[PDB]
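Given as structure tokens, the chain that follows is alone and in the form deposited in one PDB entry.
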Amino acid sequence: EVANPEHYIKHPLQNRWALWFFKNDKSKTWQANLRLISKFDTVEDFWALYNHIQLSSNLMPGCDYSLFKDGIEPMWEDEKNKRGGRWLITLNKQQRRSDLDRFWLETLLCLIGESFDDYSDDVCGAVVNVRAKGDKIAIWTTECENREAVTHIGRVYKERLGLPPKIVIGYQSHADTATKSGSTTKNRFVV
């Protein structure tokens, strides 16, 4: 006989994930400001990471956390992001207090838990942008023309965040965001 694995194994995740930090430093390039923190592939290792790092609401203005599948960089130019897009959550200055950290943790748990049913493989990662003008959280998916997957991911995410039907969230392709005239980008989808 051997030991019962239930008693001592860490609980593996479907994917290895990488947490990244973007430091707002205008004296350096974007590339120099984006660094890996670390990677993990079990539930226990996720919590060891999350438990020791600052909440998003305590980061300096202009900084980001990103959690992406191992081997996908948190930039739209990556092979797995270039044809993709994001479900965008915009927060006002009051939601910094009431919602930012709860929403970001919920987002992490959606990712690591593979919460998108048959469409989990379309998910690349998520980003939280801590900004004076208003915070943002987004789930990034790999193909903006996978209508079924994108719509499914949106509904799941909306309901996991606990947003009421009244609240509307939008999906924007990275290409559209990159080429947008003016402040607002058109939504390919809404839920």
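By rigid core we mean the largest C-alpha set that fits within 1.5 Å across both forms. Numbering starts at 1 and follows the sequence shown.
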{"property": "Unmodelled residue 24 in at least one third of other entries with both flanks present", "result": "no"}
{"property": "Other entries modelling both neighbours but not residue 172, at least a third", "result": "no"}
{"property": "Residue range whose averaged C-alpha B-factor is higher in the record, 119 to 127 or 141 to 149", "result": "141 to 149"}
{"property": "Stretch with the higher entry mean CA B-factor, where the candidates are 159 to 167 and 30 to 38", "result": "159 to 167"}
{"property": "Within-chain third of residue 91 by Cα B-factor, per the entry", "result": "highest"}
{"property": "Ranked against its chain, the third holding the CA B-factor of residue 16", "result": "lowest"}
{"property": "Among modelled residues of the same chain, the CA temperature factor third for residue 77", "result": "highest"}
{"property": "Modelled-residue ranking by C-alpha temperature factor, third containing residue 174", "result": "middle"}
{"property": "Among modelled residues of the same chain, the CA temperature factor third for residue 60", "result": "highest"}
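Just so it is clear, the following notes concern the form deposited in another entry, a form of the same protein that is not shown.
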{"property": "Core-aligned C-alpha movement of residue 30 between this form and the one not shown reaching 2 Å", "result": "yes"}
